[PDB]
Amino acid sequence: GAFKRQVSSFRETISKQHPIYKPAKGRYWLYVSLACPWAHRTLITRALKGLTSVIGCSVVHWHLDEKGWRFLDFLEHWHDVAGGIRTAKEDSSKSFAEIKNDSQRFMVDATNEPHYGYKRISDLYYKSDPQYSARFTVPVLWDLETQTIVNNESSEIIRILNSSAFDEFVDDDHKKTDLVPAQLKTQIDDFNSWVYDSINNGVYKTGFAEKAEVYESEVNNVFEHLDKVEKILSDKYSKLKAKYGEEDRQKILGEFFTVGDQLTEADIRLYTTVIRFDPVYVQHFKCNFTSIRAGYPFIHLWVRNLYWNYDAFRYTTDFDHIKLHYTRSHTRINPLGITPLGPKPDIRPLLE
């Protein structure tokens, strides 16, 4: 009773040399859920690379029923870092009891699908390939011209977004931002690989396990690898403390990252899990030896620095979508669909 994630089927790229998918403003779209850490990676990267006006964004409802992600039945919204969803601008979730699973609050629960009016993401999948027979996942990077799915693998979408493909369409400060610098690329790929299996996906192999033996194995594995991240960050903090002195908290945080001394894709990919860990994964996926906030001081400093001090993280993080999606959609974990109010707050302030 283990969880075996399907492999994504749409794995193409965008480039000037490409025969079909060439770069342009106003041609590609990013369809996401704000609940989904994989899709979350693509929203952070789109903001950091200055692509919000180049690639529009729409947002499915947080509630996932048996027919898959759905939309509700504007230029500021499409080019907003979170598709215009108002809760992503908030730093904490509030009451949930009055929100039903059929809630239809336009630009709060979801956006529409603004090009074809589709009600289901499955519609995009079947437009691209009428013979598709896998799961209808987010994120989707969509090409308006051919009406196909270019890529639905978040690890590749974020490399496309960071690549030179869209450089003609952004300001030179954003062009220069590089989330996968060559000097760090192999370290980034090494770190990503083990964080993928043991944390990003590890929390899902833990929470979706249907046999307790598999639950126990996977939860032990999650916390063993958080310990490894904590160790990496603790050693890094110690070196920064030596370099700049404990009193210079702002120069220290300016270099306080998982890989190297700059923000990279490694931080983005870890963040989308860690920022969900205390709000959902502890209670809902039973990943509860300890919490980030209580048990992992260096991870907790690192994630708070990213959340509070980087708009691309803060304003793509929607704690209402996060909590409601998991607790209201996973009937075999939470049969009555009651969303826990805690922990409070969703992410603590960065107190010095």
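All residue numbers refer to positions in the sequence shown, first residue = 1.
Per the record, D73 and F74 are separated by 10 or more deposited residues that are missing from the model.
Stretch comparison (296-304 versus 64-72) by mean CA B-factor in the PDB entry places 64-72 on top. Looking at 242-250 and 214-222 together, the entry lists the larger mean B-factor for 242-250, computed on C-alpha atoms.
The entry assigns its greatest Cα B factor, within the set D123, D278, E156, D267, to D123. Out of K205, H115, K228, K100, it is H115 whose C-alpha atom has the highest B-factor in the PDB entry.
Annotation for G56: CA B-factor lies in the middle third of the chain's modelled residues. Among the modelled residues of the chain, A2 sits in the highest third by CA temperature factor in this PDB entry. Sorting the modelled residues of the chain by their CA temperature factor places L350 in the middle third. Placement of the Cα temperature factor of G84 within the chain: middle third of the modelled residues, per the deposited record. When the CA B factors of the chain's modelled residues are split into thirds, the value for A165 lands in the middle one.
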